[PDB]
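Please read the structure below before turning to the comments.
Should a chain be cited, it is by its letter among A, B, C, D, E, F, G, H, I, J, K and L, assigned in written order, with residues numbered from 1 in that chain.
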Amino acid sequence: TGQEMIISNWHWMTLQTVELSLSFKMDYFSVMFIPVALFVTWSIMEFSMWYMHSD
Amino acid sequence: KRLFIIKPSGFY
Amino acid sequence: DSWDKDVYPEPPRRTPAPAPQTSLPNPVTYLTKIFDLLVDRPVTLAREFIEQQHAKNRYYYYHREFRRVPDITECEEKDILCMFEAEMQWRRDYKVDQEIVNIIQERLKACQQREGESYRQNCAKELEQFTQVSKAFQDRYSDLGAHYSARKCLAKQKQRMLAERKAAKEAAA
Amino acid sequence: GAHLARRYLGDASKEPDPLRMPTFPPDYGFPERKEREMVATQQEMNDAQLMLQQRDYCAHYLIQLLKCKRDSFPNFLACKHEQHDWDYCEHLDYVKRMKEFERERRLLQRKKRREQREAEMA
Amino acid sequence: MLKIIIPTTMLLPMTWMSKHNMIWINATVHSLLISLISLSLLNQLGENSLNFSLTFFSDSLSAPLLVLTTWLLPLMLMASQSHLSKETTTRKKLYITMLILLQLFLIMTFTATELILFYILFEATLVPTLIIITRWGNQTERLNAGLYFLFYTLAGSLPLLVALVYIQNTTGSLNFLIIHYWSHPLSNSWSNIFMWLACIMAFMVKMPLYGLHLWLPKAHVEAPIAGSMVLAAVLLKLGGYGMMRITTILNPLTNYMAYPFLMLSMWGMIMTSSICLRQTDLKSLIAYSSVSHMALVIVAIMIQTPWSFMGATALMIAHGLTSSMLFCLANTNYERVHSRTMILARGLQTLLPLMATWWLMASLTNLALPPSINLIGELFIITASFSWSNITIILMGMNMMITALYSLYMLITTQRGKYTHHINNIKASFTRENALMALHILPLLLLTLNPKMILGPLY
Amino acid sequence: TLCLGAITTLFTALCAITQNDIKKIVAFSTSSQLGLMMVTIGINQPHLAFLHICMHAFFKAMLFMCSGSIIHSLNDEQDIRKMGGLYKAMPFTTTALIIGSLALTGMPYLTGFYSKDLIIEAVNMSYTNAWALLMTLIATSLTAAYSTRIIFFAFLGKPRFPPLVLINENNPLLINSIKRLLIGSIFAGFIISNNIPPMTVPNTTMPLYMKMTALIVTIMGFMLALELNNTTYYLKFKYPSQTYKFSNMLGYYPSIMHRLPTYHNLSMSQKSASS
Amino acid sequence: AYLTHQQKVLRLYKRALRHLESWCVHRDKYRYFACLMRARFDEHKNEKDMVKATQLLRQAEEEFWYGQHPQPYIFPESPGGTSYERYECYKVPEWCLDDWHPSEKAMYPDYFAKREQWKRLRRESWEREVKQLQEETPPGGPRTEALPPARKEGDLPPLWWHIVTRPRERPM
Amino acid sequence: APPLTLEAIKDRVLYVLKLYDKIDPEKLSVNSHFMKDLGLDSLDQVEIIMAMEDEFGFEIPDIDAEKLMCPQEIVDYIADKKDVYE
Amino acid sequence: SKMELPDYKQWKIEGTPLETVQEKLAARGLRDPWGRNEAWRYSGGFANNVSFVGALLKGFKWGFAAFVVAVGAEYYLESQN
Amino acid sequence: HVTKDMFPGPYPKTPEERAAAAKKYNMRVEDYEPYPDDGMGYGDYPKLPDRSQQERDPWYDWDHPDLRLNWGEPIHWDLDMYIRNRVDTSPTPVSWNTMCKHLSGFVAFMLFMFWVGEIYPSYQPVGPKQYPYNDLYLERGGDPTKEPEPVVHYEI
Amino acid sequence: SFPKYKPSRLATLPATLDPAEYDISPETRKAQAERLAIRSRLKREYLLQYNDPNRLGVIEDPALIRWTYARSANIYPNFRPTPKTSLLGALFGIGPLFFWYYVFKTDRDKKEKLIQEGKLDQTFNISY
Amino acid sequence: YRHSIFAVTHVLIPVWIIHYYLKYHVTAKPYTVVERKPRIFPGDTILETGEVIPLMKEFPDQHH
């Protein structure tokens, strides 16, 4: 579908006119990067068992 | 072959 | 809905009708179908269970109403009791005014994500509405200082009508 | 490009300056021209959420592209003829840009060598 | 406020009336109980201070500071029964009495409504701190430090005395409320400038401000551990607290008569952090770090900006919690090796695995890693200062670079590296040391979730 | 950004090809790649820059992980001048590197093709810094340069490691992890490039002789680098070239800029400041 | 105390070949150029005059400095090597074991009991080893850092505990 | 990796020593103080320890190398440096 | 196990490229002292290396073999469709 | 342990006190050298050549192997610049002046050619990117009330 | 011959290139002979304490203690005010402070001047 | 089974509480979850009114 969305959540503080809140913006850059980073680090995690075995 | 390893006491 | 669209305007959701022409199944549709019977349905079942429990006993609460009091332009000089009443009222209006710009900002940011790459044009009305709010907020409370008070807010004002009255005199020339 | 070689290493009054042109009137040189028309209205690219760069005249060969990608999910192998038509539109819009580039260069020949024609004697 | 002062005062007989070895237990548990009652005051009403009586009042500025002092009181008590246990019953009983007399003055100071009542207890903190530094201080130079500490802050406080009494006879009342509501524009007359200097210098000395800061490297290096933290964790903030409170009548003379202090502070932070890049002594390293962080607050206060004030109080308390903690780190290693030199004890992560952690996120909190409130404090000051002037970032930004290099440097030298060969008296760390470290870390990171309880009245 | 992207792309790459440590070699390859990312984001090509992020993630992770395989198996030795002849000794490790190396350097329709030469093509027909364009082309050729250095010295040739061999990669953890990333380096280039919606205007009509420069400079760079690498095979002596000294010493940056400013700032804090 | 002329030139030989590793790389090139280095080192054996030898090594060191490899091939288990002191954050000293807990101590009874055996031996050998040290100590303080060995029977060599009970180079 | 011990060390030590061409195969003894038995110039021991090094892959300090002169001596030095306890 | 050590006689100067070194210093006048030690690097199964290009076309034969069958099948079904 | 008199004192004025300081610093009178007292207050602390701990022979066994110091040896006044991880004075294979010349030259050459590249930019013999709807004034951020100025694209 | 290796305060001269170590004079014969003598004296004592079974604490290093004292309080009792120190104090003291005042005051004066005539965009700048 | 109990206690339960949070607590506040407008194209139809955006009009009909 090609929808990009923002998950704003718990309000950290209402900083007068500023509303700093924990908010997870997501778009193409996010949704594309997430599998790529996870795929690589999972493969690295599997390799790290072999290499870092005596530590 | 297994052998002793020195380690600082973590029990405390 | 709890909130209202009058102060949180939501343009109608122009959702499309999915009409695909391809032989192979669309994975997204069925991947949500399992989600419905694995996550969505148990969440709803628990939610309606706790909601009816909440409906069993419904204790209430209300919103405190502060009736208007004479402000600091009516306060006799050095009249501490009256000045104290005005200062509290001005600080009440200060915080609720901060919430006014906060509401506009949230509505301002709402358009930007909603309109996608068409943000620059779709809600040019939204940008100017915030611009007018920001400009008035500049004349209202900006530059007062860390120890701001209604007296200082009067002083900044008294600077302004003095400035524009001279401008009106200069306009008369 | 040949223009780059002849601009800095050669003359300066013949090679086009991309920052400056079009320096000559559009209707000049050739009486009457056709007008670059967009088949869609201003609403189409807005509702299609077309990005600012991808809002050229070529967008009419792109508006149905995204629909085809959606209407044929996932099927990354289709939407090739539609992309082929879009690429061919890029051919037309691009080739239009060098045609005017040669136009101005030829019009820049039209400028000086004539100016020097009535300069050494009249 | 009598729900806090009265139990604190009644705790004084409590310790003296206790048995031989039960003094530490009863004092700790009740002081912790006093801390709990202090948390009852964190709720500040909308725009009004929680005025209790004419004698005492509290607002969102002193509300976090008060509970910091009460929360501190167990921590010195938890950090003292190591070297104090080898002493007679009376002297241990006396030591507890002083800190409780210390906190009692501090509790009264932050809650005082009248600037004179503020003033009396504000200098009165010298008397218990001076004797603590001199009596139980484990060094020789401490005798010079006591003179250096006492005179330096008094040399600024005494001119302050003449300033307040002048305000009382001229303006009228002197309490924190009437001054704010009856505030009048201060002229540019040279007499007003000197009154500005008098009303300000006393508070800058206790911060301290660069140049007028040499009493920290003397006091903190050889103060007793318990006295070291309080002097580092609140007594510096005591000078800070008066800065917001007294800058209600110094307007608009603040704008022009602040440039020398801003230049002294914005340059001092680079210089003082450059001190920290090389210190032979760990405790001196921490003391100078407190100078740099406090110098940030001086910049923060002197701009007199809404955003600046909330960042000031957030950093003020946050620095106190971490600076006190790092001092506990020094005391632990100094206890094992009986020295203060950096390179003498090294590679301590291998020997002590958990202390490697405790010193680790202590350094991160000292580094203003987001979202730790050290960051939410420093970052606010940068934004306020940048609005004041665009070149402030060049200096104040460079501080975070310099602050990083030395902060990890003590982590690299002490914890990491190779264990010292000859050192062999380092036993496993007692659960008291490990617990005391947690009593500092947990409230810090716990409070990160709700900075609104530390952002002060301007929030 | 065009200026910074270009200089990072070449200078680090120039300091790469003269090093004798795979970890240093592959790292400098990243920074040269990171320099390449800053070039494309420079001339209004943000999405394709992010495409380059994904493809670079795939093959560059394998290279280090593949280099991790050889380092540990051959008793934690990292100097490239000592391994030698790993082609038939470790088939999968040698197989992974050549696919990874080719993807990083070119090889159309592989992972690097859907990102790199598109960036090179995009930066070609644009109003860019003429000097910065020259750096990208040279560094693109230099990308193949150190790639040959790794393949030639490590895997090709005669072996040089200590006599007791411990070469082994049969552990399923190493084989499966490499294979999982390997299939990514073959197809993930085609997948997302055909899957993500077109987020940039395409470049279709350019002369043939800069549409191919991306392949040309890499193939060209492949040639002399191989010839210059087997020039070491030539029995004759090799002179200690001065330019070789400059490049092999990391471009002189660490020996000065980590020693001149740190000394002064540390000296200032003691003589001034503290004392 | 003093690296004589022969000691220094051999040190020059060893370092010269190690640098030439990084240059020649391939073994066939190595065995050739090393032989030239060897042959051209053999020629100046009858140099006689020691002054010439200093002059013979005067240009040698700078010539090495001329052709020194900027990235010499240093060995991993050596200073400058990649795996230098890497396997050290695990070799906690032996004396730390005394601070263990009885529950921890009861885990390894046989080793702990044998450690106590080594503990007593050090206690008994100390007086003899310190006495042996002073009985043949040189006048005017120790002149050479080398320590005397165990002369008679039974007595252990002085200053042995830390050398013998040093942590293993591969503790893990 | 299976750790090395004496019979491993000794066999590898006499391995490279035998491979040296000038060393006489029958003259190879673990207790042979080189030059006084096998004619070897002072410039040769400093270069054969490199072969001794490359056999075991750990650098032999020149201070220890000049003292290291016997096939038994190399075996003893290698074992203790690589914490070989058998 | 025991790691039985290979015998000594399998390593001489012949065959290896170290041959070309031998007559060099022999013409110079000296003799190579370490020739036999390095023979194993250039000999045994460790010899007959692969050229640089040879490594790059690894799997070309069966890779191209997978081509012709694949293209032949797709040529047949598409043309007959 | 150590007594008070062994603590560092004032400048050694007479050679006799120079010898006493050298003994106090566990050195001899030959190698002892007080810092040049320009008033900086170095006292009698013996200045030592700028030698980072990296300079010290790693193969030698030290009492403090991490930093390469032995017990009692009078360490440098400037130890913390010259520790193993801090500033290192190791001899580079090439001269520092040459070290600096090539660094500054390459950076200056890179910057200079970058400027001349900007002076004569590279582009294809192609023209403007023709854009419809009077250069999309409306969606560029323009105001609807202010009508766009006449802009049109033609064809040949 | 390649160019020589000139030394620097940051790029030191190696022992292999130093002319001084080339000529080992009989005067230097004993000069570098007591090096081991004093080192062994420090050595033999150090191992004796280090190996001592009775030792439980740390062995105090007089050089370390002296260094801490020298880099500390024992500086002003050796401080003599001279034009070098006096100028150095002013140059690294009042100098930067006034220079920082000049740049900030100049910019701040220019900053408020633009606001005075309304020559700065702060329409959206409301938080301060 | 070891894959099954991993799924339930590390995906099934965590997705349950997150969805419940995202469906009845945080989405109960305005402008908390904002998404891009549903990108429709000329020719298709929309749901909330059942209206058809018109088909793309006659194309200048070019070919390659």
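Observations
The working rule: a contact is a pair of C-beta atoms (placed from the backbone, for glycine too) under 8 Å apart; a residue touches a chain by one contact, two chains touch by 3 or more.
Each chain and its UniProt protein: D = NADH dehydrogenase [ubiquinone] 1 beta subcomplex subunit 7; E = NADH-ubiquinone oxidoreductase chain 4; G = NADH dehydrogenase [ubiquinone] 1 beta subcomplex subunit 9; I = NADH dehydrogenase [ubiquinone] 1 beta subcomplex subunit 3; K = NADH dehydrogenase [ubiquinone] 1 beta subcomplex subunit 4.
When the partners of chain C are compared with those of chain G, the chains appearing in both lists are E, J, K. Once CA atoms are averaged chain by chain and compared with the all-protein CA average, the nearest chain turns out to be J.
Chain geometry summary: the mean Cα position of chain C and that of chain J are 51 Å apart. With centres taken as mean Cα positions, chain K sits 44 Å from chain A. Spacing of chain B relative to chain L, judged by their CA centroids, is 55 angstrom.
Taking the mean of the C-alpha atoms as each chain's centre, chain B and chain I sit 48 Å apart.
Residues of chain J in contact with at least two other chains: 40-41, 59, 63, 71, 79-81, 92-94, 96, 99, 120, 122-124, 126, 138-140.
Residue positions of chain F with contacts to 2 or more other chains are 77, 127, 130, 157-158, 160, 163, 197, 199, 235, 245, 249, 255, 259, 263, 266, 268, 270, 273, 275. Shared contact sites, meaning residues of chain D that touch two or more other chains, fall at 4, 18, 46-47, 49, 51-52, 56, 66, 70, 74, 87, 91, 94.
On chain F, the positions that touch chain J within their shared complex are 3, 6-7, 11, 124-134, 206, 245-246, 249, 251-253, 255-257, 259, 262-263, 266-267, 270-271, 275. Of all the residues in chain J, the ones that touch chain G in their complex are 58-59, 93-94. Residue ranges on chain L touching chain C, taken from their complex, read 12, 15-16, 19-20, 23-24, 28-31, 34-41, 44-48. If you check the complex, the residues on chain E that touch chain K are 141, 259-260, 262-264, 266-267, 280-281, 305-307, 337-339, 341, 343-344, 384, 387-391, 395, 420-425.
Per the touch definition, chain I reaches chain H in the complex via residues 3, 5, 8, 11, 31-37.
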